[PDB]
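S.K.: Here it is: the structure, laid out below.
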Amino acid sequence: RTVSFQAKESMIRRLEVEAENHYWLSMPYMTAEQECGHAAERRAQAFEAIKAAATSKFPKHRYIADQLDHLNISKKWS
Amino acid sequence: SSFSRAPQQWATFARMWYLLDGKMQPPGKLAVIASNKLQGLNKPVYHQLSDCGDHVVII
Amino acid sequence: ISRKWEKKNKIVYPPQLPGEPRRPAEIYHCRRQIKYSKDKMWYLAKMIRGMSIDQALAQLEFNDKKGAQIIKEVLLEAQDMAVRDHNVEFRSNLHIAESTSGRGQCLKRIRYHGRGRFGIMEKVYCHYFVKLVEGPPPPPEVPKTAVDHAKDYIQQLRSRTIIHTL
Amino acid sequence: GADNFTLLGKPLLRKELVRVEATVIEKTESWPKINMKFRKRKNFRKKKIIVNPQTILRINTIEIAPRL
Amino acid sequence: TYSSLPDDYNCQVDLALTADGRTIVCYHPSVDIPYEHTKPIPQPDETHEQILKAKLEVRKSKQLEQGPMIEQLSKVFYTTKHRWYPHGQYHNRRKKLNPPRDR
Amino acid sequence: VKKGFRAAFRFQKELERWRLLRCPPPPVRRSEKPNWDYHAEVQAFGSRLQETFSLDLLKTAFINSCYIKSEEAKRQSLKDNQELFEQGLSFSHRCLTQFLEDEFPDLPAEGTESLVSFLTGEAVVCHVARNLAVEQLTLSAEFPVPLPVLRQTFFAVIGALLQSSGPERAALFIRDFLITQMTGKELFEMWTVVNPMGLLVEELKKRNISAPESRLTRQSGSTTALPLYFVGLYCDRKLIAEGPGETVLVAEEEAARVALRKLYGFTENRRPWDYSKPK
Amino acid sequence: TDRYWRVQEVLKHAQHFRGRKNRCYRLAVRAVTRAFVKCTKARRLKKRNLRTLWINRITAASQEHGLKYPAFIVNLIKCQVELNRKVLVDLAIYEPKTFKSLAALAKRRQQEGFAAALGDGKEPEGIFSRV
Amino acid sequence: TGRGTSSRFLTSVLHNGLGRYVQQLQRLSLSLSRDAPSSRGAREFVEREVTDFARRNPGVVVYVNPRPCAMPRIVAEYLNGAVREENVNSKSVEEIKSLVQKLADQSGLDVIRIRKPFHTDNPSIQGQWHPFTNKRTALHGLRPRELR
RNA sequence: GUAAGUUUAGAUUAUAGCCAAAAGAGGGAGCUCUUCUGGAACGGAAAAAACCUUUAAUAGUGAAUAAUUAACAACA
């Protein structure tokens, strides 16, 4: 199956774009030491909310109004 | 513009006659052009169901 | 069983107003129980459709099928009541507007065979329906000429409307 | 567009040059549209209707001025 | 000769950017055909209906048979004979009685 | 035998639906049918139109001569709308003619008469009135209301409207509701013009213009059974109007029709009439 | 007791069918569902087909003026014209004079585009190529 | 279904909005029952929202007939002659209020597929294209191949 | 970067693929196996469960794009 000209150009473009990705990934703004602990505070806070939400399950309350409201079904013109 | 409805329809939907010379001309290139003229594809309002084909004369 | 064909003869129209043409007479006659196949009888009915009373009667007199004799008898009975009860002045002024046959209640029997086989025997019965309109048969249709066909084709082309356009 | 001349925006004309007004005539919905996804053993009760809303507008006036 | 398209067939096209440059203005006055480039009405001194009747002439065996009639009709309109053949009652009744017409 | 009353009742409704389709009921006016209040409808009718009507005058306009006879016939076993009818018809003729003249001063008086007659035609008036529910509000002894009686009330209501709201409001009503019907109506559609070539020459001589010399600008399929001919009318060797036709006579006739529209300023691209004016 | 109405529900959609299919509930039900799916499928392709028709008419109109379809669209884009394909067909049909003027603009931009390519970019932008 | 269903083109009743907008709905009829669970929502609607609608739209004739009735029903009549009936059986006040508002906005025009969403009486301004358009003429109107 | 995880108690159902593509082992074609990876268009490769582009599904007479059966005799 001979390769169409259009296909070859498309593959070249993908490689060229990936090459640009390589370059922009070649200049890490922050060194390894700086990265350590930079987001520690945020991560700790986020997990605390996760734990609070996870452990908040419980059965729901029951109200008198629900039973009493059913009697309103008999409302009619005076 | 400003023409009556029926005459305007008649003119727009009218069929045209074309003349083609085949002397020292490749039929394949002529056939491609002939198909365009015969089917009516040479009109801006060409439609598949409008029967807008045109007469083609080849000599 | 349904007998609506007879009821069609019992229909009474309202009194005709002074500004109304004389209503043509319509007579419906049928024979409900005939020991004859409806399919075979239909052939006779189809041919006689649209013919005059006299022409249909003349053809029936020289027909070889048993059903044809029945049809003529049915036609004569309808004609007799038409003059007797529907105030028909001229006997000859009648034509066959409608003629058709229907299925009738049959009888079921077993068909024996000499070699121990059996078959399904049926005694076929049929109904026959005819409507007679006073007056001569309508004139026959005239086929369209080439000129008429061309004019309609041009008219059809003009009547065309543009499809899927602003 | 005019009888012998036209104006083309780049890609739009200035608000001063052209003012167009129309009026709302009716608020309506769309006649039912049938939607049925393909699946083995389709069944007849797997049907949904679409009656999305609609509205009608009537053009009233088109105004232009010599503000070139 | 600023216009890039010939102005001699449909209308004169005058293309001009506005002074602000926000708009493109096209002036299209129509052009009439020159008198010298038109033909006069036929000097020699018949309705199309008569011509149509003459085209479908009845010559042989008085009115011709259906096949020849279709062939004569087909020749005049450059159509196939298949188009002219009628259709049965089933489809004829199906035809819509009141087709909608807009513009 | 299937038991139950709901199923039997359901079939009765099925029978009724078939009966209705087989034998549609005879038409009857909403006035005879129940749940009809003439006073309420008239008040709603006036409010819906956003117009002020004198209830007494409006009732007289709706009242018809035929309606009175039925009441008198029933009485044996009341003011006509003629006076109001004349005012509306007479005023409408002047007002309708005024509309045509302002837009088309060049158009001859004869043409305006044809346009006015078409706009005041019984069918045109009947169509507007029926679509306006006026037939239900019309008082008559026969249903459907006869068209001439219906036309009488329509102009009769106009006369009552003039007294209640004055000519100004009625003129806007006429423009809003009647002049609207001319949209999409071509000049020769509303005005019957025979012998356009002679009429065109008659106008030109009045303007002191030479009669055009007909020429065949374009032609296609001349010898075919579907011929197209373009004929242009040349005045002083200058093309004034061109029309398409299947035959030279038709093309010449069509070309003349185009010139007549141009002569009277009835070009297809002409400025549309204005319903916007509140004044 | 409502089984008749259930059959009627299928029948109302199958009245226009032909043959024993229109009168057999076993066959009528199958056809009704297939028709509904076919209509649902047609919704997606219908829009695509309409776009194809608009492009074809533009190409025929453009070629009559001597302009190819890709050139006309590209030049219009370079002119900051954002008319849709459907409207482009409409202008040609009912505004031939305007379409010719539109063709000239596309042709003029094409001429400037050719000049820019020949210029190699050293030359300044054309008068009609200014953005 | 489209092959088995009718369709129409865009249209207006009598060019309603050209001069002034007219409400198509002309008459409303309401049937109610003093004691019926189905009419409970309608019962409250009359108490609270019926007056507001009447004041908002005083041009529509409203008929309210409380009567012994199995299923409450609403009948709406339009100027063009369209009449529509809606069952109020066991519907809430909010549902009823929305339905009436929708009925008022709706017109008597038939609700079927519309082939074209655009209606114009003058589609062409510069003239419709015909084959002779853009065809160059010749001196004396000479037809092709004419020796003259 | 991210939101689930461990333990305790109760409890079943599933426990048979298919094809493509890798790594091995029998072998010498091709097969026969064992191991890893991927798949189930309404687009494309001609029709095409298994390959390629594709995050769900809604109305619209809009728009930008992806894959995408085609390709351009020899002597110093």
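Each chain in the structure tokens gets a letter, A, B and so on, in the order shown; residues start at 1 in every chain, and ligands are counted from 1 in the order they appear.
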Quick one: residues within 9 Å of residue 31 (chain C), only C-alpha atoms (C1' of nucleotides) counted, chain neighbours fewer than 3 positions away excluded, as an MDAnalysis selection string?

M.R.: chainID C and resid 34 74 126:129

S.K.: Extract, using only C-alpha atoms (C1' of nucleotides), all DNA, RNA and protein residues at most 8 Å from residue 106 (chain H), discarding same-chain residues fewer than 5 positions from it, and format them as an MDAnalysis selection string.

M.R.: (chainID D and resid 26:28) or (chainID H and resid 24:25)

S.K.: Could you state the separation of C1' of residue 39 (chain I) and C1' of residue 51 (chain I) in Å, given to one decimal place?

M.R.: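 Interatomic distance here is 9.0 Å.
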
S.K.: Got a sec: who's within 10 Å of residue 108 (chain G), counting only C-alpha atoms (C1' of nucleotides), leaving out chain neighbours fewer than 3 positions off, as number ranges by chain?

M.R.: E: 2-5, 15; G: 75, 102-105, 111-114, 128-129

S.K.: At most 9 Å is the cut-off: for each residue in chain C with any atom that close to an atom of chain H, write down the nearest atom pair and the distance in Å rounded to one decimal, counting only C-alpha atoms, chain first then increasing number, as a tab-separated table.

M.R.:
residue	atom	partner	partner_atom	distance
C:164	CA	H:116	CA	8.2
C:165	CA	H:116	CA	8.8
C:166	CA	H:123	CA	7.7

S.K.: So that I have them on file, write out the residues from the current selection with N, CA and C atoms, as a PDB file, in the first residue's frame.

M.R.:
ATOM      1  N   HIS C 164     -35.888  23.074  -2.009  1.00  0.00           N
ATOM      2  CA  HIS C 164     -34.802  23.339  -1.068  1.00  0.00           C
ATOM      3  C   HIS C 164     -33.975  24.546  -1.505  1.00  0.00           C
ATOM      4  N   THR C 165     -34.663  25.658  -1.742  1.00  0.00           N
ATOM      5  CA  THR C 165     -34.024  26.911  -2.113  1.00  0.00           C
ATOM      6  C   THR C 165     -34.623  28.042  -1.291  1.00  0.00           C
ATOM      7  N   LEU C 166     -33.845  29.110  -1.140  1.00  0.00           N
ATOM      8  CA  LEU C 166     -34.309  30.299  -0.438  1.00  0.00           C
ATOM      9  C   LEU C 166     -35.618  30.805  -1.037  1.00  0.00           C
TER      10      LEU C 166
END

S.K.: Identify every residue of chain F that has at least one atom within 9 Å of any atom of chain H, counting only C-alpha atoms, and report the result as a VMD selection string.

M.R.: chain F and resid 35 40 to 41 43 to 50 128 130 to 133 172 to 173 175 to 177 180 to 181 183 to 185 216 to 219 268 to 270 275 to 276

S.K.: Just write the chosen residues, N, CA and C atoms, as a short mmCIF file (atom, residue, chain, number, x, y, z; two decimals), in the first residue's frame.

M.R.:
data_model
loop_
_atom_site.label_atom_id
_atom_site.label_comp_id
_atom_site.auth_asym_id
_atom_site.auth_seq_id
_atom_site.Cartn_x
_atom_site.Cartn_y
_atom_site.Cartn_z
N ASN F 35 -72.65 28.98 25.62
CA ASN F 35 -71.47 29.68 26.10
C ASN F 35 -71.09 30.83 25.16
N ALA F 40 -70.06 40.44 26.10
CA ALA F 40 -68.68 40.15 26.48
C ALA F 40 -67.77 40.08 25.25
N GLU F 41 -68.23 39.43 24.18
CA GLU F 41 -67.42 39.32 22.98
C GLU F 41 -67.15 40.69 22.37
N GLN F 43 -67.07 43.59 23.94
CA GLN F 43 -66.09 44.24 24.80
C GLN F 43 -64.70 43.66 24.58
N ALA F 44 -64.60 42.33 24.50
CA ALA F 44 -63.32 41.71 24.18
C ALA F 44 -62.87 42.07 22.77
N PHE F 45 -63.81 42.12 21.83
CA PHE F 45 -63.47 42.49 20.46
C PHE F 45 -62.86 43.89 20.40
N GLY F 46 -63.49 44.85 21.09
CA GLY F 46 -62.94 46.19 21.12
C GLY F 46 -61.60 46.26 21.82
N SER F 47 -61.48 45.58 22.97
CA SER F 47 -60.22 45.60 23.71
C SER F 47 -59.11 44.94 22.91
N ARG F 48 -59.41 43.83 22.23
CA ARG F 48 -58.39 43.14 21.45
C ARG F 48 -57.83 44.04 20.35
N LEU F 49 -58.70 44.80 19.68
CA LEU F 49 -58.26 45.71 18.64
C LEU F 49 -57.56 46.95 19.18
N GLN F 50 -57.59 47.17 20.50
CA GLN F 50 -57.00 48.36 21.10
C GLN F 50 -57.65 49.62 20.53
N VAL F 128 -60.97 39.02 5.05
CA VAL F 128 -60.50 39.72 6.24
C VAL F 128 -61.49 39.57 7.38
N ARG F 130 -63.86 37.24 7.91
CA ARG F 130 -63.96 35.88 8.43
C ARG F 130 -62.76 35.54 9.30
N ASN F 131 -61.56 35.91 8.86
CA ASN F 131 -60.36 35.64 9.65
C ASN F 131 -60.30 36.50 10.90
N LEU F 132 -61.11 37.56 10.97
CA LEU F 132 -61.16 38.44 12.13
C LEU F 132 -62.25 38.03 13.12
N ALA F 133 -62.95 36.92 12.87
CA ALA F 133 -64.06 36.45 13.69
C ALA F 133 -65.28 37.35 13.57
N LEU F 172 -55.38 54.53 10.37
CA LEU F 172 -54.33 53.62 10.81
C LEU F 172 -54.83 52.18 10.81
N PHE F 173 -56.07 51.97 11.25
CA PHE F 173 -56.66 50.63 11.19
C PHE F 173 -56.71 50.13 9.76
N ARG F 175 -54.81 51.12 7.22
CA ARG F 175 -53.44 50.87 6.79
C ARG F 175 -52.89 49.59 7.42
N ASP F 176 -53.15 49.40 8.71
CA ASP F 176 -52.58 48.25 9.42
C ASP F 176 -53.20 46.94 8.96
N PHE F 177 -54.50 46.94 8.64
CA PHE F 177 -55.22 45.71 8.36
C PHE F 177 -55.57 45.51 6.89
N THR F 180 -52.15 46.17 4.31
CA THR F 180 -51.23 45.05 4.45
C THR F 180 -51.49 43.97 3.41
N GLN F 181 -52.74 43.82 2.98
CA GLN F 181 -53.09 42.75 2.05
C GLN F 181 -52.46 42.94 0.67
N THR F 183 -49.33 43.46 0.15
CA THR F 183 -47.96 42.96 0.16
C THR F 183 -47.86 41.73 -0.72
N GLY F 184 -46.84 41.70 -1.58
CA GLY F 184 -46.67 40.60 -2.50
C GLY F 184 -47.61 40.61 -3.68
N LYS F 185 -48.38 41.68 -3.86
CA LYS F 185 -49.34 41.78 -4.95
C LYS F 185 -48.76 42.66 -6.05
N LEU F 216 -34.96 41.98 -30.89
CA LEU F 216 -34.74 40.69 -30.24
C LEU F 216 -33.33 40.70 -29.65
N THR F 217 -33.23 40.99 -28.35
CA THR F 217 -31.92 41.06 -27.71
C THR F 217 -31.26 39.69 -27.67
N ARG F 218 -31.98 38.68 -27.16
CA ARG F 218 -31.43 37.34 -26.99
C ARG F 218 -32.47 36.32 -27.44
N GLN F 219 -31.98 35.16 -27.89
CA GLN F 219 -32.84 34.08 -28.34
C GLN F 219 -32.17 32.75 -28.04
N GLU F 268 -39.92 46.33 -8.94
CA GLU F 268 -39.87 45.33 -7.89
C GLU F 268 -38.97 45.77 -6.74
N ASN F 269 -37.89 46.49 -7.05
CA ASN F 269 -36.95 46.96 -6.04
C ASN F 269 -37.34 48.32 -5.45
N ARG F 270 -38.54 48.81 -5.76
CA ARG F 270 -38.98 50.10 -5.25
C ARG F 270 -39.15 50.05 -3.73
N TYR F 275 -45.76 50.95 7.06
CA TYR F 275 -46.73 50.80 8.13
C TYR F 275 -46.18 51.27 9.47
N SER F 276 -44.92 51.73 9.50
CA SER F 276 -44.29 52.13 10.75
C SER F 276 -44.85 53.44 11.29
#

S.K.: For residue 93 (chain C), please output as a PyMOL selection string all residues within 7 Å (counting only C-alpha atoms (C1' of nucleotides); exclusion window: fewer than 6 positions along the same chain).

M.R.: chain C and resi 134-136

S.K.: Compute the chain B side of the contact with chain C at 10 Å, counting only C-alpha atoms, and hand it back as a list in words.

M.R.: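 Close to chain C, chain B has residues 6, 7, 9, 10, 13, 45, 47, 48, 49, 50 and 51 of chain B.
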
S.K.: Which residues are close to residue 52 (chain E), i.e. within 12 Å by only C-alpha atoms (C1' of nucleotides), leaving aside same-chain residues fewer than 2 positions away? Reply as JSON, numbers by chain.

M.R.: {"C": [146, 147, 148, 149, 150, 151, 154], "E": [46, 47, 48, 49, 50, 54, 55, 56, 57, 72, 73, 76, 77], "F": [223, 224, 225, 226, 227]}

S.K.: Write a file of the selected residues as a short mmCIF file (atom, residue, chain, number, x, y, z; two decimals), in the first residue's frame, keeping C-alpha atoms.

M.R.:
data_model
loop_
_atom_site.label_atom_id
_atom_site.label_comp_id
_atom_site.auth_asym_id
_atom_site.auth_seq_id
_atom_site.Cartn_x
_atom_site.Cartn_y
_atom_site.Cartn_z
CA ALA C 146 -50.41 13.13 -28.45
CA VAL C 147 -51.24 16.85 -28.41
CA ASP C 148 -53.05 16.49 -25.08
CA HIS C 149 -50.12 14.60 -23.57
CA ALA C 150 -47.61 17.24 -24.68
CA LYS C 151 -49.71 20.10 -23.30
CA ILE C 154 -45.49 21.42 -20.52
CA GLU E 46 -48.68 31.44 -36.03
CA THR E 47 -49.11 30.33 -32.41
CA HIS E 48 -46.91 27.83 -30.60
CA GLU E 49 -50.00 25.67 -30.04
CA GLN E 50 -50.40 25.26 -33.81
CA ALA E 54 -48.22 20.20 -36.39
CA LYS E 55 -45.23 18.51 -34.74
CA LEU E 56 -47.47 15.68 -33.48
CA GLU E 57 -48.99 15.16 -36.91
CA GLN E 72 -43.61 10.67 -31.55
CA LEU E 73 -44.04 12.33 -28.16
CA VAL E 76 -40.32 15.85 -29.76
CA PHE E 77 -39.26 16.18 -26.11
CA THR F 223 -36.78 26.07 -33.55
CA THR F 224 -37.29 23.78 -30.54
CA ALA F 225 -40.58 23.07 -28.79
CA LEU F 226 -39.38 25.10 -25.76
CA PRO F 227 -38.25 28.44 -27.22
#

S.K.: Report the residues of chain E whose backbone DSSP state falls under strand (DSSP E or B), written as a list in words.

M.R.: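 The strand (DSSP E or B) subset of chain E is residues 11, 14, 15, 16, 17, 23, 24, 25, 26, 27, 30, 39 and 40 of chain E.
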
S.K.: By how many Å are CA of residue 153 (chain C) and CA of residue 255 (chain F) apart?

M.R.: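 We find that CA of residue 153 (chain C) and CA of residue 255 (chain F) lie 26.6 Å from each other.
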
S.K.: Please give the complete set of residues from chain B that DSSP, run on the backbone, assigns to alpha helix (DSSP H), formatted as an MDAnalysis selection string.

M.R.: chainID B and resid 5:12 27:39

S.K.: May I have the selected residues written with N, CA and C atoms, as a compact mmCIF listing (two decimals), in the first residue's frame?

M.R.:
# COMPACT_ATOMS: atom_id res chain seq x y z
N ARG B 5 -43.86 36.22 -12.89
CA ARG B 5 -43.40 34.98 -12.26
C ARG B 5 -43.18 33.89 -13.30
N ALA B 6 -44.18 33.62 -14.14
CA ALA B 6 -44.06 32.52 -15.10
C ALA B 6 -42.95 32.76 -16.11
N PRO B 7 -42.85 33.92 -16.77
CA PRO B 7 -41.72 34.14 -17.68
C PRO B 7 -40.37 33.99 -16.99
N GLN B 8 -40.25 34.47 -15.75
CA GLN B 8 -38.99 34.32 -15.03
C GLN B 8 -38.66 32.85 -14.81
N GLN B 9 -39.66 32.06 -14.42
CA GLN B 9 -39.44 30.63 -14.26
C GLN B 9 -39.04 29.98 -15.58
N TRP B 10 -39.70 30.37 -16.67
CA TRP B 10 -39.39 29.79 -17.97
C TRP B 10 -37.94 30.07 -18.36
N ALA B 11 -37.50 31.31 -18.19
CA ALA B 11 -36.14 31.67 -18.58
C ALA B 11 -35.11 30.96 -17.72
N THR B 12 -35.32 30.95 -16.40
CA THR B 12 -34.35 30.34 -15.50
C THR B 12 -34.23 28.84 -15.75
N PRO B 27 -10.95 13.14 -26.46
CA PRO B 27 -12.34 12.94 -26.01
C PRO B 27 -12.48 12.96 -24.50
N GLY B 28 -11.48 12.48 -23.76
CA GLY B 28 -11.60 12.43 -22.31
C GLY B 28 -11.79 13.81 -21.70
N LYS B 29 -10.95 14.77 -22.11
CA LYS B 29 -11.12 16.14 -21.64
C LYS B 29 -12.45 16.71 -22.11
N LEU B 30 -12.82 16.44 -23.36
CA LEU B 30 -14.12 16.89 -23.86
C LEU B 30 -15.25 16.22 -23.09
N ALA B 31 -15.11 14.93 -22.79
CA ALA B 31 -16.16 14.21 -22.08
C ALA B 31 -16.41 14.82 -20.71
N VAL B 32 -15.35 15.19 -19.99
CA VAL B 32 -15.51 15.82 -18.68
C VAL B 32 -16.30 17.11 -18.81
N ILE B 33 -15.93 17.94 -19.79
CA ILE B 33 -16.69 19.17 -20.04
C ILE B 33 -18.09 18.83 -20.51
N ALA B 34 -18.22 17.84 -21.39
CA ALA B 34 -19.54 17.47 -21.91
C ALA B 34 -20.46 17.02 -20.78
N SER B 35 -19.93 16.25 -19.83
CA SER B 35 -20.75 15.82 -18.70
C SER B 35 -21.25 17.01 -17.91
N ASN B 36 -20.39 18.01 -17.69
CA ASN B 36 -20.81 19.21 -16.97
C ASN B 36 -21.95 19.90 -17.71
N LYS B 37 -21.80 20.09 -19.02
CA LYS B 37 -22.84 20.76 -19.79
C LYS B 37 -24.08 19.90 -19.91
N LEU B 38 -23.91 18.61 -20.18
CA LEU B 38 -25.07 17.74 -20.39
C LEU B 38 -25.91 17.63 -19.13
N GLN B 39 -25.27 17.44 -17.97
CA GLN B 39 -26.00 17.28 -16.73
C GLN B 39 -26.61 18.58 -16.23

S.K.: Identify, on the basis of only C-alpha atoms (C1' of nucleotides), every residue whose closest approach to residue 160 (chain F) does not exceed 10 Å; exclude the query and any residue fewer than 4 positions from it along the same chain; express the result as a ChimeraX atom specification.

M.R.: /F:52-62,81,83-85,87-88,155-156,164-166,170

S.K.: Hey, can you check how far CA of residue 40 (chain G) sits from CA of residue 36 (chain D)?

M.R.: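 These two atoms are separated by 6.4 Å.
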
S.K.: Which is closest to chain F among E:75, E:101, E:94, E:60, if we use only C-alpha atoms?

M.R.: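 Smallest distance to chain F is found for E:75.
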
S.K.: Counting only C-alpha atoms, figure out which residue out of E:91, E:53, E:32, E:68 gets nearest to chain C.

M.R.: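 For chain C, the nearest of the given residues is E:53.
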
S.K.: Give me, as a ChimeraX atom specification, all polymer residues having an atom no more than 12 Å from residue 5 (chain I), counting only C-alpha atoms (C1' of nucleotides) and skipping those fewer than 5 positions away in the same chain.

M.R.: /A:50-51,54

S.K.: Show me which bits of chain E are within 12 Å of chain B, counting only C-alpha atoms, as a ChimeraX atom specification.

M.R.: /E:30,77-79,103

S.K.: Go ahead and write the selection's residues with N, CA and C atoms as a PDB file, in the first residue's frame.

M.R.:
ATOM      1  N   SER E  30     -26.500  48.862 -13.444  1.00  0.00           N
ATOM      2  CA  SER E  30     -26.693  47.896 -14.514  1.00  0.00           C
ATOM      3  C   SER E  30     -26.274  48.484 -15.857  1.00  0.00           C
ATOM      4  N   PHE E  77     -39.788  15.709 -27.384  1.00  0.00           N
ATOM      5  CA  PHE E  77     -39.265  16.181 -26.111  1.00  0.00           C
ATOM      6  C   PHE E  77     -37.928  15.552 -25.743  1.00  0.00           C
ATOM      7  N   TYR E  78     -37.350  14.731 -26.618  1.00  0.00           N
ATOM      8  CA  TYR E  78     -36.060  14.094 -26.352  1.00  0.00           C
ATOM      9  C   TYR E  78     -36.090  13.321 -25.036  1.00  0.00           C
ATOM     10  N   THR E  79     -37.176  12.588 -24.815  1.00  0.00           N
ATOM     11  CA  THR E  79     -37.362  11.782 -23.618  1.00  0.00           C
ATOM     12  C   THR E  79     -37.467  10.312 -24.000  1.00  0.00           C
ATOM     13  N   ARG E 103     -44.240  30.827  -2.471  1.00  0.00           N
ATOM     14  CA  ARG E 103     -43.478  31.647  -3.415  1.00  0.00           C
ATOM     15  C   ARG E 103     -43.285  30.948  -4.760  1.00  0.00           C
TER      16      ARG E 103
END

S.K.: Could you work out which residues of chain E fall inside 10 Å of chain G? Count only C-alpha atoms, and format the result as a PyMOL selection string.

M.R.: chain E and resi 2-7+10-17+21-22+24-30+94

S.K.: Give one line per residue of chain I that approaches chain G to at most 12 Å, naming the two atoms of the closest pair and their distance in Å to one decimal, counting only C-alpha atoms (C1' of nucleotides); sort by chain then ascending residue number and deliver it as JSON lines.

M.R.:
{"residue": "I:42", "atom": "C1'", "partner": "G:41", "partner_atom": "CA", "distance": 8.2}
{"residue": "I:59", "atom": "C1'", "partner": "G:43", "partner_atom": "CA", "distance": 10.3}
{"residue": "I:60", "atom": "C1'", "partner": "G:47", "partner_atom": "CA", "distance": 9.4}
{"residue": "I:61", "atom": "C1'", "partner": "G:50", "partner_atom": "CA", "distance": 6.8}
{"residue": "I:62", "atom": "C1'", "partner": "G:84", "partner_atom": "CA", "distance": 7.4}
{"residue": "I:63", "atom": "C1'", "partner": "G:84", "partner_atom": "CA", "distance": 8.7}
